[PDB]
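Take a look at the structure set out below.
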Amino acid sequence: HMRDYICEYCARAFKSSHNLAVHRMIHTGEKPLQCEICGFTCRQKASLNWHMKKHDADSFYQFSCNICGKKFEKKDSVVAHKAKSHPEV
Ligand SMILES: [Zn+2]
Ligand SMILES: [Zn+2]
Ligand SMILES: [Zn+2]
């Protein structure tokens with residue numbers, strides 16, 4: 001326990017105070033940026049932002065709806081569906 005940064009209970013072990021602070025978005029006071037779709041947390045706005053785009057029409061795998069996972073033939077069907085069936089998520 002020297003380079004083993006523990007968040008009392010809810011960190012197994014991090015190697016940097018900032019790494020633990022990335023999780024610590026709940027109790028820290030600063031609050032970094034987590035993907036509100038799943039879990040994936042980062043310091044820079046672009047890194048999670050494009051990872052969220054990965055879920056949108058499912059650029060992460062094949063084709064899905066980020067919001068209700070209806071599953072479509074093409075991303076066009078997803079984006080067309082999301083703009084109509086999700087005005088207020
Ligand atoms: Zn914690
Ligand atoms: Zn995500
Ligand atoms: Zn949907």
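As shown in the structure tokens, the chain order sets the letters A, B, ...; within each chain, residues go from 1, and ligands are also counted from 1 in the order they appear.
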
Could you give me, as a ChimeraX atom specification, the residues within 10 Å of range 32-40 of chain A, counting only C-alpha atoms and dropping anything in the same chain fewer than 6 positions from it?
/A:21-26,46-52,55-56,66-67

Nearby polymer residues, ligand 3, at most 8 Å, only C-alpha atoms and all ligand atoms, as a PyMOL selection string:
chain A and resi 65-70+78+81-82+85-86

Deliver the residues from the most recent selection as a file, using N, CA, C and O atoms, as a short mmCIF file (atom, residue, chain, number, x, y, z; two decimals), in the first residue's frame.
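Result written to again.cif:
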```cif
data_model
loop_
_atom_site.label_atom_id
_atom_site.label_comp_id
_atom_site.auth_asym_id
_atom_site.auth_seq_id
_atom_site.Cartn_x
_atom_site.Cartn_y
_atom_site.Cartn_z
N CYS A 65 -30.67 0.13 -31.59
CA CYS A 65 -31.13 1.43 -31.08
C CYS A 65 -30.49 1.64 -29.71
O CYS A 65 -30.63 0.77 -28.85
N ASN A 66 -29.78 2.76 -29.52
CA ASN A 66 -29.18 3.12 -28.21
C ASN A 66 -30.23 3.12 -27.08
O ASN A 66 -29.97 2.67 -25.97
N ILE A 67 -31.42 3.62 -27.42
CA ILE A 67 -32.42 3.97 -26.42
C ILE A 67 -33.28 2.75 -26.03
O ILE A 67 -33.44 2.49 -24.84
N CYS A 68 -33.81 1.97 -27.01
CA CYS A 68 -34.73 0.85 -26.68
C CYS A 68 -34.28 -0.49 -27.29
O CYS A 68 -34.98 -1.50 -27.14
N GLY A 69 -33.10 -0.51 -27.97
CA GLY A 69 -32.48 -1.74 -28.50
C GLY A 69 -33.40 -2.58 -29.37
O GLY A 69 -33.37 -3.81 -29.30
N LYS A 70 -34.23 -1.91 -30.19
CA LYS A 70 -35.24 -2.57 -31.03
C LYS A 70 -34.57 -3.49 -32.09
O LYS A 70 -35.15 -4.51 -32.45
N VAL A 78 -32.41 3.15 -37.79
CA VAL A 78 -32.26 3.45 -36.36
C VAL A 78 -32.42 4.95 -36.10
O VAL A 78 -33.13 5.37 -35.19
N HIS A 81 -35.79 6.16 -36.86
CA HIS A 81 -36.66 5.69 -35.75
C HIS A 81 -36.45 6.52 -34.48
O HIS A 81 -37.39 6.76 -33.74
N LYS A 82 -35.21 6.92 -34.20
CA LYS A 82 -34.83 7.60 -32.95
C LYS A 82 -35.36 9.04 -32.96
O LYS A 82 -35.85 9.55 -31.94
N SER A 85 -39.51 8.21 -32.67
CA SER A 85 -40.02 7.41 -31.54
C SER A 85 -39.40 7.86 -30.21
O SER A 85 -39.80 7.38 -29.14
N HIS A 86 -38.40 8.77 -30.26
CA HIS A 86 -37.73 9.29 -29.05
C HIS A 86 -37.53 10.82 -29.18
O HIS A 86 -36.40 11.29 -29.34
#
```

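The residues of range 19-57 of chain A that DSSP assigns to alpha helix (DSSP H) on this backbone come out as residues 19, 20, 21, 22, 23, 45, 46, 47, 48, 49, 50, 51, 52, 53, 54, 55 and 56 of chain A.
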
Counting only C-alpha atoms and all ligand atoms, give me one row per residue of chain A with an atom at most 8 Å from an atom of ligand 1, showing the shortest contact pair and its distance in Å to one decimal, sorted by chain then residue number, as CSV.
```
residue,atom,partner,partner_atom_place_in_ligand_line,distance
A:7,CA,ligand 1,1 (Zn),4.7
A:8,CA,ligand 1,1 (Zn),6.9
A:9,CA,ligand 1,1 (Zn),6.5
A:10,CA,ligand 1,1 (Zn),4.4
A:11,CA,ligand 1,1 (Zn),6.1
A:20,CA,ligand 1,1 (Zn),7.5
A:23,CA,ligand 1,1 (Zn),6.3
A:24,CA,ligand 1,1 (Zn),4.8
A:26,CA,ligand 1,1 (Zn),7.0
A:27,CA,ligand 1,1 (Zn),6.6
```

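Coordinates place atom 1 (Zn, counted along the ligand's line) of ligand 2 at a distance of 11.5 Å from CA of residue 59 in chain A.
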
Work out how far CA of residue 12 in chain A is from CA of residue 29 in chain A, in Å to one decimal.
20.8 Å

From a DSSP calculation on the backbone, collect every residue of range 8-56 of chain A in strand (DSSP E or B) and output the set as a PDB file with C-alpha atoms, in the first residue's frame.
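Writing the result to result.pdb gives the following:
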```pdb
ATOM      1  CA  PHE A  14      -5.809   2.257  -8.599  1.00  0.00           C
ATOM      2  CA  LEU A  33     -17.610  12.523 -17.429  1.00  0.00           C
ATOM      3  CA  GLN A  34     -19.305   9.060 -17.600  1.00  0.00           C
ATOM      4  CA  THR A  41     -15.637   7.267 -17.643  1.00  0.00           C
ATOM      5  CA  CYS A  42     -13.006   9.722 -18.883  1.00  0.00           C
TER       6      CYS A  42
END
```

Looking at A:58, A:63, A:83, A:76, which one is nearest to ligand 2, with distances taken over only C-alpha atoms and all ligand atoms?
A:58

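One finds CA of residue 79 in chain A at 25.8 Å from CA of residue 44 in chain A.
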